[PDB]
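**Student:** Here's a structure for you.
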Amino acid sequence: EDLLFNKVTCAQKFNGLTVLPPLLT
Amino acid sequence: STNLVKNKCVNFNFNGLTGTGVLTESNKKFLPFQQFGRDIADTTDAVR
């Protein structure tokens, strides 16, 4: 799972582009 | 003129550029002629 995670990649929020968090951490 | 206030959610006006926000200390130096500093999203986020 770590070897897989490591491969995948506020300024936005200047205009109301908020990002709600997930539920399942 | 007025004063220079920092670190509070204030209004500012530098070189005609208008905007509001928190004026935290900066940690990057520019070229000595440049006045602005901008991100990939093309939004002002730095100023001399």
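Labels for the structure tokens follow display order: chains A, B, ..., residues from 1 in each chain, ligands from 1.
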Go through chain A and flag each residue having an atom no more than 12 Å from chain B; for those, report the closest pair of atoms plus their distance in Å to one decimal, using only C-alpha atoms, ordered by chain and rising number, as a tab-separated table.

**Tutor:**
```
residue	atom	partner	partner_atom	distance
A:10	CA	B:45	CA	10.6
A:11	CA	B:41	CA	7.6
A:12	CA	B:41	CA	7.5
A:13	CA	B:43	CA	10.9
A:14	CA	B:43	CA	8.3
A:15	CA	B:43	CA	9.9
```

**Student:** Near residue 47 of chain B, counting only C-alpha atoms, which residues have an atom at most 6 Å away, once you skip same-chain residues fewer than 2 positions from it, shown as a list in words?

**Tutor:**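 What passes the distance filter is residues 35, 36 and 37 of chain B.
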
**Student:** What is the atom CA of residue 15 of chain B to atom CA of residue 48 of chain B distance in Å?

**Tutor:**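 These atoms are spaced 9.6 Å apart.
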
**Student:** Just list as a short mmCIF file (atom, residue, chain, number, x, y, z; two decimals) with N, CA and C atoms, in the first residue's frame whatever in chain A DSSP marks as helix (DSSP H, G or I).

**Tutor:**
```
data_model
loop_
_atom_site.label_atom_id
_atom_site.label_comp_id
_atom_site.auth_asym_id
_atom_site.auth_seq_id
_atom_site.Cartn_x
_atom_site.Cartn_y
_atom_site.Cartn_z
N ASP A 2 1.96 1.25 0.75
CA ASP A 2 2.86 2.41 0.74
C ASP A 2 3.53 2.58 -0.61
N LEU A 3 4.04 1.49 -1.18
CA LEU A 3 4.67 1.55 -2.50
C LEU A 3 3.69 2.05 -3.54
N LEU A 4 2.39 1.83 -3.31
CA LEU A 4 1.37 2.31 -4.22
C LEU A 4 1.01 3.77 -3.96
N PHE A 5 0.90 4.18 -2.70
CA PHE A 5 0.60 5.56 -2.36
C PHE A 5 1.67 6.51 -2.87
N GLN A 12 -5.93 28.16 -3.87
CA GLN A 12 -7.25 27.84 -4.41
C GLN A 12 -8.35 28.49 -3.60
N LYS A 13 -8.24 28.44 -2.27
CA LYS A 13 -9.29 28.92 -1.39
C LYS A 13 -9.38 30.44 -1.35
N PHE A 14 -8.69 31.15 -2.25
CA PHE A 14 -8.82 32.60 -2.27
C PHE A 14 -10.19 33.05 -2.79
#
```

**Student:** Let's see if you can do this: from backbone DSSP, list all strand (DSSP E or B) residues in chain B, as a list in words.

**Tutor:**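 Of chain B, only residues 9, 10, 11, 12, 13, 14, 17, 18, 19, 20, 21, 22, 36, 37, 38, 44, 45, 46 and 47 of chain B fall in strand (DSSP E or B).
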
**Student:** Keeping only N, CA, C and O atoms, write those residues as an mmCIF file, in the first residue's frame.

**Tutor:**
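Result saved to again20.cif:
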```
data_model
loop_
_atom_site.group_PDB
_atom_site.id
_atom_site.type_symbol
_atom_site.label_atom_id
_atom_site.label_comp_id
_atom_site.auth_asym_id
_atom_site.auth_seq_id
_atom_site.Cartn_x
_atom_site.Cartn_y
_atom_site.Cartn_z
ATOM 1 N N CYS B 9 -6.143 40.550 9.807
ATOM 2 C CA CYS B 9 -6.973 40.521 8.573
ATOM 3 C C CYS B 9 -7.355 41.955 8.198
ATOM 4 O O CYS B 9 -8.405 42.427 8.670
ATOM 5 N N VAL B 10 -6.516 42.617 7.395
ATOM 6 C CA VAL B 10 -6.654 44.079 7.130
ATOM 7 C C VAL B 10 -6.968 44.282 5.645
ATOM 8 O O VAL B 10 -6.856 43.314 4.877
ATOM 9 N N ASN B 11 -7.347 45.507 5.273
ATOM 10 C CA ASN B 11 -7.367 45.947 3.854
ATOM 11 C C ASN B 11 -5.997 46.554 3.546
ATOM 12 O O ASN B 11 -5.403 47.148 4.464
ATOM 13 N N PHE B 12 -5.517 46.401 2.308
ATOM 14 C CA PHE B 12 -4.258 47.068 1.886
ATOM 15 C C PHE B 12 -4.442 47.714 0.508
ATOM 16 O O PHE B 12 -5.413 47.382 -0.202
ATOM 17 N N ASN B 13 -3.510 48.603 0.156
ATOM 18 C CA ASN B 13 -3.402 49.178 -1.210
ATOM 19 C C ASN B 13 -1.931 49.517 -1.469
ATOM 20 O O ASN B 13 -1.475 50.576 -0.995
ATOM 21 N N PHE B 14 -1.222 48.637 -2.183
ATOM 22 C CA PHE B 14 0.195 48.889 -2.551
ATOM 23 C C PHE B 14 0.289 49.057 -4.071
ATOM 24 O O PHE B 14 -0.123 48.133 -4.789
ATOM 25 N N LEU B 17 -2.570 48.353 -6.631
ATOM 26 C CA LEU B 17 -3.134 46.992 -6.421
ATOM 27 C C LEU B 17 -3.958 46.986 -5.130
ATOM 28 O O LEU B 17 -3.385 47.251 -4.055
ATOM 29 N N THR B 18 -5.257 46.702 -5.250
ATOM 30 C CA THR B 18 -6.167 46.639 -4.076
ATOM 31 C C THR B 18 -6.400 45.175 -3.695
ATOM 32 O O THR B 18 -6.476 44.331 -4.609
ATOM 33 N N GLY B 19 -6.515 44.901 -2.393
ATOM 34 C CA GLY B 19 -6.906 43.567 -1.902
ATOM 35 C C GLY B 19 -7.020 43.556 -0.390
ATOM 36 O O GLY B 19 -6.528 44.505 0.238
ATOM 37 N N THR B 20 -7.651 42.521 0.176
ATOM 38 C CA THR B 20 -7.725 42.367 1.652
ATOM 39 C C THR B 20 -7.030 41.062 2.055
ATOM 40 O O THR B 20 -6.938 40.162 1.201
ATOM 41 N N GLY B 21 -6.568 40.973 3.305
ATOM 42 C CA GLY B 21 -6.073 39.698 3.854
ATOM 43 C C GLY B 21 -5.064 39.887 4.972
ATOM 44 O O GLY B 21 -4.885 41.033 5.424
ATOM 45 N N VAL B 22 -4.430 38.794 5.403
ATOM 46 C CA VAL B 22 -3.426 38.866 6.505
ATOM 47 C C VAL B 22 -2.035 39.095 5.898
ATOM 48 O O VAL B 22 -1.658 38.365 4.958
ATOM 49 N N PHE B 36 5.760 42.540 -7.762
ATOM 50 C CA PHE B 36 4.707 41.565 -7.371
ATOM 51 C C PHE B 36 5.337 40.190 -7.162
ATOM 52 O O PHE B 36 6.532 40.040 -7.437
ATOM 53 N N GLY B 37 4.527 39.232 -6.698
ATOM 54 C CA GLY B 37 4.874 37.799 -6.681
ATOM 55 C C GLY B 37 3.615 36.956 -6.752
ATOM 56 O O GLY B 37 2.715 37.175 -5.923
ATOM 57 N N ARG B 38 3.527 36.050 -7.732
ATOM 58 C CA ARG B 38 2.229 35.394 -8.033
ATOM 59 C C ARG B 38 2.398 33.871 -8.085
ATOM 60 O O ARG B 38 3.549 33.402 -8.178
ATOM 61 N N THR B 44 -2.456 37.291 -7.014
ATOM 62 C CA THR B 44 -1.435 38.021 -6.218
ATOM 63 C C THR B 44 -1.376 37.410 -4.815
ATOM 64 O O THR B 44 -2.446 37.266 -4.191
ATOM 65 N N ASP B 45 -0.176 37.043 -4.358
ATOM 66 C CA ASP B 45 -0.009 36.483 -2.991
ATOM 67 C C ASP B 45 1.304 36.990 -2.389
ATOM 68 O O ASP B 45 1.660 36.538 -1.284
ATOM 69 N N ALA B 46 1.977 37.906 -3.095
ATOM 70 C CA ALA B 46 3.251 38.497 -2.620
ATOM 71 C C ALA B 46 3.453 39.869 -3.269
ATOM 72 O O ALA B 46 2.962 40.068 -4.398
ATOM 73 N N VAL B 47 4.150 40.770 -2.566
ATOM 74 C CA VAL B 47 4.328 42.186 -3.009
ATOM 75 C C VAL B 47 5.531 42.772 -2.258
ATOM 76 O O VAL B 47 5.716 42.417 -1.085
#
```

**Student:** Between atom CA of residue 32 of chain B and atom CA of residue 6 of chain B, what distance in Å does the model show, to one decimal?

**Tutor:** 22.2 Å

**Student:** Atom CA of residue 8 of chain B and atom CA of residue 26 of chain B, how far apart in Å?

**Tutor:**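 Atom-to-atom, atom CA of residue 26 of chain B to atom CA of residue 8 of chain B, that is 14.3 Å.
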